[PDB]
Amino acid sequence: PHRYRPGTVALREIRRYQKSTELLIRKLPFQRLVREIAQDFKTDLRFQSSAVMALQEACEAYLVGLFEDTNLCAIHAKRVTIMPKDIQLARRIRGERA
């Protein structure tokens, strides 16, 4: 009953996802989240389907980029594990919460 060691499959996944371009969040749940948030600003809105897809492409690219910065913050602290404090430092230095 064989087993890959901790880290091996994580590396395999890094290679797989850095090679591909498909969106990583499921479509319908993301769509519901957009509609919920927008509905809290303004009732009775409709969305072009491409508007939702534009939002998803932007959200994902933003989060991927943030994780890259976060990873660099963890490594700077001599860790390999990302923590909330890494995300917070990344955001602070980016001026999203300076």
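In this text, residue numbers run from 1 along the sequence as written. Each form is matched to the other, and the largest set of C-alpha atoms that superpose within 1.5 Å is called the rigid core.
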RMS CA shift, core-fitted in 4 other deposited structures of this protein, bigger for 27-35 or for 42-50 | 42-50
Would you determine, from the values in the PDB entry, which of 36-44 and 56-64 has the greater average C-alpha temperature factor?
-> 36-44
Identify the stretch, either 87-95 or 1-9, whose C-alpha atoms have the larger mean B-factor according to the entry.
-> 1-9
Pull the Cα B-factor of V80 out of the PDB entry and bin it into the chain's lowest, middle or highest third.
-> middle
